[PDB]
Amino acid sequence: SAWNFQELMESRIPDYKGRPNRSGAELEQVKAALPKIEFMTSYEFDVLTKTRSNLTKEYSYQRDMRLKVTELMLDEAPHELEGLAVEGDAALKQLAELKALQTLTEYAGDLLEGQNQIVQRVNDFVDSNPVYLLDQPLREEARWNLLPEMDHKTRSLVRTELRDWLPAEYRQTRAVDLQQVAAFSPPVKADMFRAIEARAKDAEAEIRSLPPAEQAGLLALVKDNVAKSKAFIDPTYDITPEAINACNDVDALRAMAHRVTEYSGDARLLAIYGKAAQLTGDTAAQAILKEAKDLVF
Amino acid sequence: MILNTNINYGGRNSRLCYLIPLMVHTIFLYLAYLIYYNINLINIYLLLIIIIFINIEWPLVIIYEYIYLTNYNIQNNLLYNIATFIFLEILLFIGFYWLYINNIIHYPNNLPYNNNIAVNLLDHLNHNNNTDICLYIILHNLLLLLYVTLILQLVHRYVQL
Amino acid sequence: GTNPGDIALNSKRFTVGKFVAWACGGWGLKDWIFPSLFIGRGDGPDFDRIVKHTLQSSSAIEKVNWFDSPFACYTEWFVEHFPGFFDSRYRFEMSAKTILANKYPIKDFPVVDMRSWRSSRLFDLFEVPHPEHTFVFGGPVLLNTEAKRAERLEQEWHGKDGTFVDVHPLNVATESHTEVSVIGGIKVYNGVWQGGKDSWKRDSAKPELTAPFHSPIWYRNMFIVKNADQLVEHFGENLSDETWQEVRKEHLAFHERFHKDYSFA
Amino acid sequence: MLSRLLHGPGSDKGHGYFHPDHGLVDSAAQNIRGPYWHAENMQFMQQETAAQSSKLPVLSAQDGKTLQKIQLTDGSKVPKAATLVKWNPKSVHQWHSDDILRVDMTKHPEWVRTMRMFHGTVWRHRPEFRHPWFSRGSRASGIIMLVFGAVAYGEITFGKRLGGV
Amino acid sequence: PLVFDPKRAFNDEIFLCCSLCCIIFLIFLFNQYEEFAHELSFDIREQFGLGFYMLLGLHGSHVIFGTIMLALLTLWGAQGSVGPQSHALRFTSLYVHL
Amino acid sequence: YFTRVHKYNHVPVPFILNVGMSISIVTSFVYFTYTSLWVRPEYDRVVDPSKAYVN
Amino acid sequence: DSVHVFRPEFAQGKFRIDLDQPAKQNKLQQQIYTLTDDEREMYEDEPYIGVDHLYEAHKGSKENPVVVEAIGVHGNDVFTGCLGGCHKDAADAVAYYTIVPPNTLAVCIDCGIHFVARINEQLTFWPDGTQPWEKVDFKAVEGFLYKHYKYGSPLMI
Amino acid sequence: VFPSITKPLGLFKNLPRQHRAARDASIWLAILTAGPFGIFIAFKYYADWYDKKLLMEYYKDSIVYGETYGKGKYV
Amino acid sequence: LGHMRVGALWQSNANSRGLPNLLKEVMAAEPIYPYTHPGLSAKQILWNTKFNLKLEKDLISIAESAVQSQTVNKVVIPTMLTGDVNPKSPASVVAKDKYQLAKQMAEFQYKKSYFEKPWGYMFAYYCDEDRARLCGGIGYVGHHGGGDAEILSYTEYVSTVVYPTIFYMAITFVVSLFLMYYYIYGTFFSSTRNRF
Ligand SMILES: CCCCCCCCCCCCCCCCCC(=O)OC[C@H](COP(=O)(O)OCCN)OC(=O)CCCCCCCCCCCCCCCCC
Ligand SMILES: CCCCCCCCCCCC(=O)OC[C@H](COP(=O)([O-])O)OC(=O)CCCCCCCCCCC
Ligand SMILES: [Zn+2]
């Protein structure tokens with residue numbers, strides 16, 4: 001009592017208890033209070049939440065910064081590529097221009113990295129001083145507890161408030177996945193394909209307003225860009241019901257089923273598997289498919 | 001805004017790194033001079049004034065570091081050092097008691113006087129009695145120090161509560 | 001190594017430096033009278049060895065971008081002291097180029113330098129001479145602080161029950177998620193924004209601004225840390241053990257003509 | 001108990017460290033969430049705001065609303081018109097409420113001394129330098145001790161004590 | 001402004017206790033000095049006398065240092081700078097008890 | 001992974017080496033203890049009351 | 001009936017930083033303990049919980065790395081380490097330390113683990129009693145952060 | 001090695017395993033200490049017994065120590 | 001005051017040396033676009049970049065409009081244990097059927113040809129380069145190790161090196177005891193010779 005070797009805060013040892021002990025009456029009260037629940041396979045959740053397009057899981061503002069920096073860099077490319085002189089033939093001049101372009105892009109990549117680092121530093125500051133950015137009652141619950149040690153409701157409220165304290169261009173929210181939204185909404189994929197075709201036609205016109213050799217090179221580039229953009233939005237866009245009906249190979253149908261299962265696992269699986277069952281006489285599979293189209297899809 | 005470093009007390013440069021050693025050197029040379037010439041090179045009061053003035057730096061730095069640089073890690077370090085210092089003092093007292101009791105526990109002793117019985121009425125309590133040691137006043141001082149200990153413990157606990 | 005500085009003023013037979021060294025240490029009459037024994041070959045570049053190592057090389061010496069790199073100022077040191085330097089460097093650069101020409105969106109490049117060596121003693125990780133102030137902002141952080149603690153033993157030490165350590169109530173609530181999405185008419189709740197540890201993926205790579213959106217290219221420099229006292233490497237997903245053993249055998253077989261004519265005495 | 005003597009858990013190794021019954025209390029909890037071990041026999045009082053001190057050098061860094069929300073009291077006699085609010089343990093938020101009466105501890109000498117150390121003096125990285133003349137005296141004392149030591153060494157060795165010359 | 005307040009100083013428990021302890025320590029020192037000069041017959045140049053006097057002199061030196069500590073703590077308590085959890089208070093208490 | 005727990009890296013001692021080491025150590029201890037505590041003959045006493053001499 | 005006011009703790013600076021956010025500072029200065037010999041024996045024979053470890057990606061994969069956070073100055077290399085024996089072939093006698101650039105994917109090729117040591121700077125309000133008692137907005141903080149990024153700020157030593 | 005003596009004797013069965021192992025370690029420390037003390041005490045008491053025997057067999061017929069050393073009364 | 005630095009931008013000092021750019025170290029004074037964009041000149045690369053940038057803008061706008069103006073028909077809330085920050089990942093990295101095995105085998109073959117052997121050769125070069133850096137009298141290269149070192153496992157070492165050594169030590173112990181006792185005293189069990 002004459003000494004005191006305390007610390008700032010004693011360590012916390014969890015109390016485990018266990019799953020709740022709900023009696024029959026409580027069980028019935030709970031079950032009568034639940035909504036119409038559909039239990040989902042882990043595969044369904046996986047395909048819903050898989051990483052498809054946002055490979056690096058970059059937030060919105062990071063993608064916006066990258067696109068803005070690309071615009072600014074392109075607006076400055078002709079000035080940097082203008083007037084270059086070097087002793088050599090055409091190929092040597094081309095390599096010199098390529099090196100100049102590379103230097104330009106490496107210059108612009110550093111400014112983008114600096115800005116990403118600055119915004120990350122702002123957000124690091126937000127975390128480092130949470131009690132100074134919160135109101136009651138969440139302030140004390142952020143003061144006494146770490147993120148893993150908070151209640152789920154208080155944890156969510158604290159994190160949302162801390163995120164919303166920032167300006168709109170610093171809030172760290174994941175960017176939309178184009179492939180994901182296209183895969184789970186048939187109209188969105190149609191709109192994206194229409195946009196791709198419109199841009200292709202406009203670019204073809206612009207090219208046709210240019211001298212000959214550039215026309216051929218740029219038209220090849222446009223074809224490649226359209227093909228790869230379509231394969232990016234929906235790799236399985238060629239598995240149409242017409243193609244399924246036209247396919248009479250078991251191995252080919254299995255490949256189609258695998259490709260669809262990787263992508264979205266939609267009713268095209270019903271079509272492919274029905275056509276596979278008919279070609280092989282799988283009555284059990286046909287019954288399961290009936291059940292699936294009744295319930296799964 | 002400031003950048004926060006580790007909890008550890010980084011430390012400051014100070015003049016106490018050489019002032020205290022110079023103070024010890026001064027005291028020991030003062031003793032040597034007093035031994036040699038039997039006189040004081042510098043007045044004892046002036047020497048004690050210098051010694052006191054040198055050591056006023058501790059409370060000032062203590063105040064200004066508690067106001068600014070203190071946390072539980074630093075406090076624990078300081079309290080453990082205090083404990084070790086108390087231990088050293090206890091050992092010093094043990095050594096001096098060893099010095100005192102070395103010739104007293106060893107009962108046999110060659111004495112200038114007689115301590116056998118049946119020769120005089122008082123000889124048989126010559127060796128086992130130093131009857132001038134001011135026992136009554138020693139007990140009074142004991143009472144004073146018990147007062148101090150109990151009062152200080154009471155007040156310490158009272159404020160701590 | 002050593003930088004001789006001004007060769008001119010140290011070649012003179014009688015010098016203030018030589019006399020001071022004689023008086024205090026480093027020189028003596030044994031060097032003035034018998035230089036062939038106490039100076040001998042001396043320490044310096046070996047022109048003959050550089051020529052031999054240059055002429056033993058294959059056409060890789062022509063196809064390497066070494067002479068334009070920032071380390072081109074060390075050409076003689078590495079040609080002399082690293083037999084087969086140019087062929088190994090050419091393999092290194094072609095490995096980098098083939099990683100660059102991959103079909104993967106993220107190109108990982110291994111980086112190894114003086115910091116790539118672990119140690120059990122902290123003073124071995126600093127540059128010499130050591131900085132005046134070290135560990136100002138706290139000491140190391142152990143990766144093991146991110147592993148699940150020994151819950152059973154922890155409960156047992158305290159005399160707690162710990163029977164149901166592996167039985168936890170299920171949690172299905174909207175209040176427990178901050179990351180909400182709408183995916184084809186489905187509102188998916190999944191995950192909580194944690195902070196700096198959720199943005200490790202983007203902060204580690206740098207984009208190629210000219211690469212289109214449908215064929216991204218990202219550059220990532222993967223650091224490598226090793227103990228150097230282990231004798232066995234485990235790269236994980238980056239390199240399988242069988243491939244590594246194959247590479248070891250091939251490397252030791254090719255880089256043998258550069259090593260067979262020398263003895264280690 | 002050796003463990004309890006050396007400030008440990010004691011017989012039960014899952015036990016805590018603080019025993020506020022005999023003066024071993026938690027300073028951190030007291031400073032942050034008030035002395036919740038006096039919670040059963042003490043009660044907050046609920047109903048002169050702090051806005052009167054909005055113009056002072058150190059309290060001007062706060063907003064007007066923040067000081068308006070704070071209600072003060074003389075701190076000596078119970079306001080007979082003030083109700084009593086029960087002090088709830090396990091509640092970390094009641095010590096920070098703005099509805100409870102408080103006392104202006106800004107004229108306390110320790111408060112003034114601290115803020116002067118921060119707002120009333122030029123910041124010196126060395127507390128000894130915070131006092132200019134004392135540092136002068138201390139360095140003078142160091143030089144004096146050096147001279148005294150040199151003179152004593154000179155006198156003792158040569159056998160002449162410098163007083164006759 | 002920072003102005004010394006005798007009313008608050010005298011209405012503070014730490015100031016009273018430390019001053020009382022310093023006074024009692026001074027009384028003890030004076031009493032012990034009064035028995036070293038005009039009470040005893042043996043000096044520090046004897047067998048038992050030397051050991052006894054070395055012991056009591058060391059104790060008296062420690063008492064002087066403790067008196068200085070109590071005076072310093074009285075000065076700090078008058079100014080109101082000593083709190084309940086003060087390591088200065090802990091050190092003085094432990095030293096006096098020792 | 002704790003690689004130094006009792007379940008890992010147990011090397012049985014070959015029988016010949018075990019026998020040799022056991023015999024060697026037993027013989028060493030027996031011989032040393034014998035010659036140190038049982039073969040001490042300089043502690044010799046001669047009981048003879050007829051070798052005394054008184055004037 | 002009487003009114004009591006407990007004497008507050010007036011100390012500022014490091015102490016007030018500790019008492020403003022006790023969770024973070026305790027995390028920084030809280031000692032954790034490793035297993036003794038008997039505890040290692042008792043842990044090595046505990047069972048896995050479920051068959052997930054046979055399917056999932058372990059903690060320390062190229063896609064699920066071990067992310068750790070230190071405090072310091074931006075760009076300063078981070079000191080991190082193992083306690084040894086993350087692999088059967090890796091040493092376990094003593095802790096093994098590492099110096100790594102911040103915010104980069106590193107791989108330990110002793111154990112095979114990918115980690116993301118990274119730095120968060122402990123920028124905090126000048127603790128002199130002028131700290132804010134109510135929610136603060138992004139303007140004043142914006143100015144202070146801009147100055148720190150452009151020029152730097154003193155250290156609390 | 002040092003097997004836990006308390007397990008085959010059923011002592012400290014109400015304690016967690018760590019603290020039971022601590023008690024086992026304490027018991028083993030107690031055992032290891034008592035060995036050398038036992039050896040040396042046995043040797044000392046054997047030496048005293050042998051001295052008594054010698055004084056009995058040498059001063060049996062003596063007239064000066066025939067009743068003290070001879071009988072062993074104050075060996 | 002000398003040359004005071006202006007600003008506080010990153011400088012390579014003892015505490016920080018930065019993250020090396022291996023691509024620039026290797027591809028020094030050589031273009032990268034002949035590998036990343038084979039067959040295209042600078043103007044074609046810029047035109048392609050502009051076209052793709054506009055297309056990406058359009059697609060992003062479409063996707064955001066879609067996600068922000070769709071009616072919710074279902075709500076998906078994953079199951080997690082209490083106190084757990086995030087749900088366990090439902091994706092497994094182990095092939096389950098034979099078709100997945102063939103797919104992963106093809107991927108492994110490609111990765112081996114195009115991503116693993118490059119890593120192996122880069123690491124071998126790094127090890128040799130570290131040797132060269134420490135060679136020449138600067139460090140202790142060649143003082144031990146090499147390719148001729150005999151590395152033994154714990155079991156092999158203890159069984160074939162440790163136990164025989166202790167066996168020889170024990171035999172030496174007994175033989176030396178007997179020989180030394182004979183040498184000093186001149187007998188084996190009788191202490192000094194010609195004395196007792
Ligand atoms: C905290 C500290 C407290 C203070 C310390 C207190 C003492 C510490 C420990 C004391 C014990 C030490 C060892 C005691 C054993 C030796 C004494 C003994 O046993 O003596 C018996 C024997 C006497 O016989 P002796 O008189 O020589 O012959 C008469 C007719 N033959 O003796 C002899 O023969 C003496 C000649 C040999 C001397 C060398 C060593 C002999 C030791 C063992 C002798 C007995 C053998 C038994 C063991 C078997 C060995 C194989
Ligand atoms: C550099 C070290 C010098 C110090 C000497 C230490 C020697 C230690 C050798 C111990 C060998 C050993 O592992 O003992 C275990 C075996 C029992 O075999 P198992 O139960 O392990 O299968 O038990 C046995 O095999 C019985 C033999 C034990 C006799 C003791 C060793 C004799 C050598 C003395 C050398 C001075
Ligand atoms: Zn590891």
# chains A, B, ... in the order shown; residues from 1 in each chain; ligands from 1

call {"tool": "interface_residues", "arguments": {"of": "chain G", "to": "chain F", "cutoff": "6 Å", "atoms": "only C-alpha atoms", "output": "MDAnalysis selection string"}}
result
chainID G and resid 41 85:86

call {"tool": "interface_residues", "arguments": {"of": "chain C", "to": "chain A", "cutoff": "7 Å", "atoms": "only C-alpha atoms", "output": "PyMOL selection string"}}
result
chain C and resi 162+164-165+167-169+175-178+183-184+193+196+201-202+209+214

call {"tool": "write_last_selection", "arguments": {"atoms": "N, CA, C and O atoms", "output": "PDB file, in the first residue's frame"}}
result
ATOM      1  N   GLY C 162     -12.970 -22.325 -19.139  1.00  0.00           N
ATOM      2  CA  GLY C 162     -12.408 -22.572 -20.451  1.00  0.00           C
ATOM      3  C   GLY C 162     -12.926 -23.821 -21.115  1.00  0.00           C
ATOM      4  O   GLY C 162     -12.275 -24.351 -22.017  1.00  0.00           O
ATOM      5  N   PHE C 164     -15.813 -24.114 -22.928  1.00  0.00           N
ATOM      6  CA  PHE C 164     -16.428 -23.779 -24.207  1.00  0.00           C
ATOM      7  C   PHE C 164     -15.581 -22.801 -24.999  1.00  0.00           C
ATOM      8  O   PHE C 164     -16.107 -21.896 -25.649  1.00  0.00           O
ATOM      9  N   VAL C 165     -14.259 -22.945 -24.943  1.00  0.00           N
ATOM     10  CA  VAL C 165     -13.394 -22.015 -25.658  1.00  0.00           C
ATOM     11  C   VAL C 165     -13.652 -22.082 -27.154  1.00  0.00           C
ATOM     12  O   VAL C 165     -13.485 -21.085 -27.864  1.00  0.00           O
ATOM     13  N   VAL C 167     -16.648 -23.026 -28.536  1.00  0.00           N
ATOM     14  CA  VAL C 167     -18.077 -22.910 -28.799  1.00  0.00           C
ATOM     15  C   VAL C 167     -18.460 -21.454 -28.588  1.00  0.00           C
ATOM     16  O   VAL C 167     -18.481 -20.971 -27.450  1.00  0.00           O
ATOM     17  N   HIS C 168     -18.782 -20.757 -29.678  1.00  0.00           N
ATOM     18  CA  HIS C 168     -19.106 -19.345 -29.624  1.00  0.00           C
ATOM     19  C   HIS C 168     -20.496 -19.090 -30.189  1.00  0.00           C
ATOM     20  O   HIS C 168     -20.900 -19.751 -31.148  1.00  0.00           O
ATOM     21  N   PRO C 169     -21.246 -18.145 -29.626  1.00  0.00           N
ATOM     22  CA  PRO C 169     -22.531 -17.781 -30.229  1.00  0.00           C
ATOM     23  C   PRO C 169     -22.355 -17.277 -31.651  1.00  0.00           C
ATOM     24  O   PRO C 169     -21.412 -16.549 -31.958  1.00  0.00           O
ATOM     25  N   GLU C 175     -25.844  -4.664 -37.865  1.00  0.00           N
ATOM     26  CA  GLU C 175     -25.115  -3.690 -37.068  1.00  0.00           C
ATOM     27  C   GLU C 175     -23.633  -4.006 -36.964  1.00  0.00           C
ATOM     28  O   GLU C 175     -22.872  -3.154 -36.496  1.00  0.00           O
ATOM     29  N   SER C 176     -23.204  -5.192 -37.381  1.00  0.00           N
ATOM     30  CA  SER C 176     -21.821  -5.610 -37.229  1.00  0.00           C
ATOM     31  C   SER C 176     -20.977  -5.360 -38.470  1.00  0.00           C
ATOM     32  O   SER C 176     -19.793  -5.704 -38.469  1.00  0.00           O
ATOM     33  N   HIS C 177     -21.543  -4.765 -39.516  1.00  0.00           N
ATOM     34  CA  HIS C 177     -20.829  -4.520 -40.761  1.00  0.00           C
ATOM     35  C   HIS C 177     -20.920  -3.051 -41.138  1.00  0.00           C
ATOM     36  O   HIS C 177     -21.979  -2.433 -41.008  1.00  0.00           O
ATOM     37  N   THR C 178     -19.803  -2.497 -41.612  1.00  0.00           N
ATOM     38  CA  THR C 178     -19.775  -1.148 -42.157  1.00  0.00           C
ATOM     39  C   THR C 178     -19.614  -1.113 -43.668  1.00  0.00           C
ATOM     40  O   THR C 178     -19.898  -0.078 -44.276  1.00  0.00           O
ATOM     41  N   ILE C 183     -25.398  -5.570 -55.181  1.00  0.00           N
ATOM     42  CA  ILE C 183     -24.887  -6.383 -56.277  1.00  0.00           C
ATOM     43  C   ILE C 183     -26.087  -7.056 -56.929  1.00  0.00           C
ATOM     44  O   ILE C 183     -26.538  -8.112 -56.476  1.00  0.00           O
ATOM     45  N   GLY C 184     -26.608  -6.450 -57.990  1.00  0.00           N
ATOM     46  CA  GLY C 184     -27.717  -7.033 -58.714  1.00  0.00           C
ATOM     47  C   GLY C 184     -28.976  -7.153 -57.885  1.00  0.00           C
ATOM     48  O   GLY C 184     -29.620  -8.205 -57.874  1.00  0.00           O
ATOM     49  N   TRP C 193     -14.468  -1.785 -42.018  1.00  0.00           N
ATOM     50  CA  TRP C 193     -13.273  -1.008 -42.318  1.00  0.00           C
ATOM     51  C   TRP C 193     -12.385  -0.950 -41.085  1.00  0.00           C
ATOM     52  O   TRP C 193     -12.783  -0.408 -40.051  1.00  0.00           O
ATOM     53  N   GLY C 196      -5.455   1.033 -41.583  1.00  0.00           N
ATOM     54  CA  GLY C 196      -4.269   0.944 -42.413  1.00  0.00           C
ATOM     55  C   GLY C 196      -3.960  -0.450 -42.908  1.00  0.00           C
ATOM     56  O   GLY C 196      -3.221  -0.598 -43.886  1.00  0.00           O
ATOM     57  N   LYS C 201      -2.750  -3.737 -50.035  1.00  0.00           N
ATOM     58  CA  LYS C 201      -2.612  -4.255 -51.390  1.00  0.00           C
ATOM     59  C   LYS C 201      -2.273  -3.149 -52.377  1.00  0.00           C
ATOM     60  O   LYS C 201      -1.400  -3.314 -53.234  1.00  0.00           O
ATOM     61  N   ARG C 202      -2.966  -2.016 -52.284  1.00  0.00           N
ATOM     62  CA  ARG C 202      -2.735  -0.932 -53.228  1.00  0.00           C
ATOM     63  C   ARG C 202      -1.468  -0.159 -52.898  1.00  0.00           C
ATOM     64  O   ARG C 202      -0.774   0.309 -53.805  1.00  0.00           O
ATOM     65  N   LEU C 209       0.808   3.579 -66.031  1.00  0.00           N
ATOM     66  CA  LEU C 209      -0.284   4.471 -66.403  1.00  0.00           C
ATOM     67  C   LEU C 209      -0.749   4.238 -67.833  1.00  0.00           C
ATOM     68  O   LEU C 209      -1.909   4.510 -68.156  1.00  0.00           O
ATOM     69  N   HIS C 214      -8.513  -2.947 -69.201  1.00  0.00           N
ATOM     70  CA  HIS C 214      -8.795  -4.357 -69.413  1.00  0.00           C
ATOM     71  C   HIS C 214      -7.547  -5.228 -69.409  1.00  0.00           C
ATOM     72  O   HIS C 214      -7.676  -6.456 -69.393  1.00  0.00           O
TER      73      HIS C 214
END

call {"tool": "closest_residue", "arguments": {"among": "A:267, A:222, A:9, A:42", "to": "residue 92 (chain I)", "atoms": "only C-alpha atoms"}}
result
A:42

call {"tool": "select_by_dssp", "arguments": {"residues": "chain D", "states": "alpha helix (DSSP H)", "output": "PyMOL selection string"}}
result
chain D and resi 2-5+27-33+64-68+109-119+132-158

call {"tool": "atom_distance", "arguments": {"atom1": "CA of residue 44 (chain B)", "atom2": "CA of residue 27 (chain B)"}}
result
10.3 Å

call {"tool": "residues_around", "arguments": {"residues": "region 147-155 of chain B", "least_positions_apart": "4", "cutoff": "12 Å", "atoms": "only C-alpha atoms", "output": "ChimeraX atom specification"}}
result
/A:1-2 /B:140-143,159-161 /D:22-23 /E:12-28,63,66-67,70,84,89-98

call {"tool": "write_last_selection", "arguments": {"atoms": "N, CA and C atoms", "output": "short mmCIF file (atom, residue, chain, number, x, y, z; two decimals), in the first residue's frame"}}
result
data_model
loop_
_atom_site.label_atom_id
_atom_site.label_comp_id
_atom_site.auth_asym_id
_atom_site.auth_seq_id
_atom_site.Cartn_x
_atom_site.Cartn_y
_atom_site.Cartn_z
N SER A 1 0.83 -1.19 0.00
CA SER A 1 0.00 0.00 0.00
C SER A 1 0.87 1.24 0.00
N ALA A 2 2.06 1.13 0.58
CA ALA A 2 3.05 2.20 0.46
C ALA A 2 3.73 2.20 -0.89
N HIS B 140 12.80 7.71 25.63
CA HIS B 140 12.03 8.88 25.21
C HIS B 140 12.17 9.13 23.71
N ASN B 141 13.39 9.04 23.20
CA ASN B 141 13.60 9.21 21.76
C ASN B 141 12.89 8.12 20.97
N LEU B 142 12.87 6.90 21.50
CA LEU B 142 12.12 5.83 20.86
C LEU B 142 10.65 6.20 20.75
N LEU B 143 10.08 6.76 21.82
CA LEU B 143 8.69 7.18 21.76
C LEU B 143 8.48 8.23 20.68
N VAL B 159 -4.48 9.97 2.76
CA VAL B 159 -4.47 10.69 1.50
C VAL B 159 -4.61 9.72 0.33
N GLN B 160 -4.00 8.53 0.44
CA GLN B 160 -4.06 7.58 -0.67
C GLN B 160 -5.49 7.14 -0.94
N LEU B 161 -6.27 6.90 0.11
CA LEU B 161 -7.65 6.46 -0.06
C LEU B 161 -8.41 7.41 -0.98
N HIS D 22 -7.40 -1.06 1.28
CA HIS D 22 -6.26 -0.66 2.08
C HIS D 22 -5.32 0.27 1.32
N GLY D 23 -5.89 1.12 0.46
CA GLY D 23 -5.15 2.20 -0.15
C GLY D 23 -4.43 1.89 -1.44
N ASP E 12 -4.56 21.92 4.40
CA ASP E 12 -4.07 20.78 3.65
C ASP E 12 -3.39 19.81 4.61
N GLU E 13 -3.70 18.52 4.47
CA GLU E 13 -3.24 17.53 5.44
C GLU E 13 -1.76 17.22 5.28
N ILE E 14 -1.26 17.20 4.04
CA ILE E 14 0.14 16.84 3.83
C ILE E 14 1.06 17.87 4.46
N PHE E 15 0.73 19.15 4.33
CA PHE E 15 1.58 20.19 4.90
C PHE E 15 1.68 20.04 6.41
N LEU E 16 0.56 19.77 7.08
CA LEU E 16 0.58 19.65 8.54
C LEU E 16 1.42 18.46 8.97
N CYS E 17 1.20 17.30 8.35
CA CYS E 17 1.90 16.09 8.76
C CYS E 17 3.40 16.23 8.59
N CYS E 18 3.84 16.73 7.44
CA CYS E 18 5.27 16.83 7.18
C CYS E 18 5.92 17.84 8.12
N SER E 19 5.26 18.96 8.39
CA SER E 19 5.82 19.92 9.33
C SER E 19 5.93 19.32 10.73
N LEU E 20 4.90 18.59 11.16
CA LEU E 20 4.96 17.96 12.48
C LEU E 20 6.08 16.94 12.54
N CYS E 21 6.24 16.14 11.49
CA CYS E 21 7.31 15.14 11.46
C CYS E 21 8.68 15.80 11.47
N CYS E 22 8.84 16.89 10.72
CA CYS E 22 10.12 17.61 10.73
C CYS E 22 10.42 18.16 12.11
N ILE E 23 9.41 18.70 12.79
CA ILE E 23 9.61 19.21 14.14
C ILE E 23 10.04 18.09 15.08
N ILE E 24 9.37 16.94 15.01
CA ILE E 24 9.72 15.84 15.90
C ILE E 24 11.12 15.32 15.59
N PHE E 25 11.50 15.30 14.31
CA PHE E 25 12.85 14.88 13.95
C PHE E 25 13.89 15.85 14.50
N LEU E 26 13.62 17.15 14.43
CA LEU E 26 14.56 18.11 15.01
C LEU E 26 14.66 17.93 16.52
N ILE E 27 13.53 17.69 17.18
CA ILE E 27 13.57 17.44 18.62
C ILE E 27 14.43 16.22 18.91
N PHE E 28 14.25 15.15 18.14
CA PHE E 28 15.04 13.94 18.34
C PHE E 28 16.52 14.22 18.14
N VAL E 63 18.99 10.46 10.01
CA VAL E 63 17.90 11.28 10.53
C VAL E 63 18.01 12.71 10.00
N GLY E 66 16.71 12.61 6.51
CA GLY E 66 15.26 12.50 6.54
C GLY E 66 14.59 13.80 6.94
N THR E 67 15.22 14.56 7.84
CA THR E 67 14.69 15.87 8.20
C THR E 67 14.70 16.80 7.00
N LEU E 70 11.83 15.76 4.80
CA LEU E 70 10.55 16.20 5.35
C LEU E 70 10.35 17.70 5.17
N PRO E 84 -1.92 12.78 -3.91
CA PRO E 84 -2.00 11.52 -3.15
C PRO E 84 -1.01 10.47 -3.62
N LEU E 89 6.21 11.61 -1.73
CA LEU E 89 5.59 11.17 -0.49
C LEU E 89 5.93 9.72 -0.19
N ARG E 90 5.90 8.86 -1.22
CA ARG E 90 6.25 7.46 -1.00
C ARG E 90 7.68 7.32 -0.49
N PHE E 91 8.61 8.04 -1.12
CA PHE E 91 10.01 7.94 -0.72
C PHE E 91 10.20 8.42 0.71
N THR E 92 9.61 9.56 1.06
CA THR E 92 9.78 10.06 2.42
C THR E 92 9.17 9.10 3.44
N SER E 93 7.99 8.55 3.14
CA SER E 93 7.38 7.62 4.08
C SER E 93 8.26 6.40 4.28
N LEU E 94 8.73 5.79 3.19
CA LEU E 94 9.56 4.60 3.31
C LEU E 94 10.85 4.91 4.05
N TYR E 95 11.47 6.05 3.75
CA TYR E 95 12.73 6.40 4.40
C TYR E 95 12.53 6.61 5.90
N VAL E 96 11.48 7.33 6.29
CA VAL E 96 11.24 7.56 7.71
C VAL E 96 10.95 6.25 8.42
N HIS E 97 10.17 5.38 7.79
CA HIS E 97 9.89 4.09 8.41
C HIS E 97 11.17 3.27 8.57
N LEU E 98 12.05 3.31 7.57
CA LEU E 98 13.32 2.60 7.69
C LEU E 98 14.14 3.15 8.85
#

call {"tool": "residues_near_ligand", "arguments": {"ligand": "ligand 1", "cutoff": "12 Å", "atoms": "only C-alpha atoms and all ligand atoms", "output": "count of residues only"}}
result
42

call {"tool": "residues_near_ligand", "arguments": {"ligand": "ligand 2", "cutoff": "10 Å", "atoms": "only C-alpha atoms and all ligand atoms", "output": "ChimeraX atom specification"}}
result
/F:10-26,28 /I:158-159,162-174
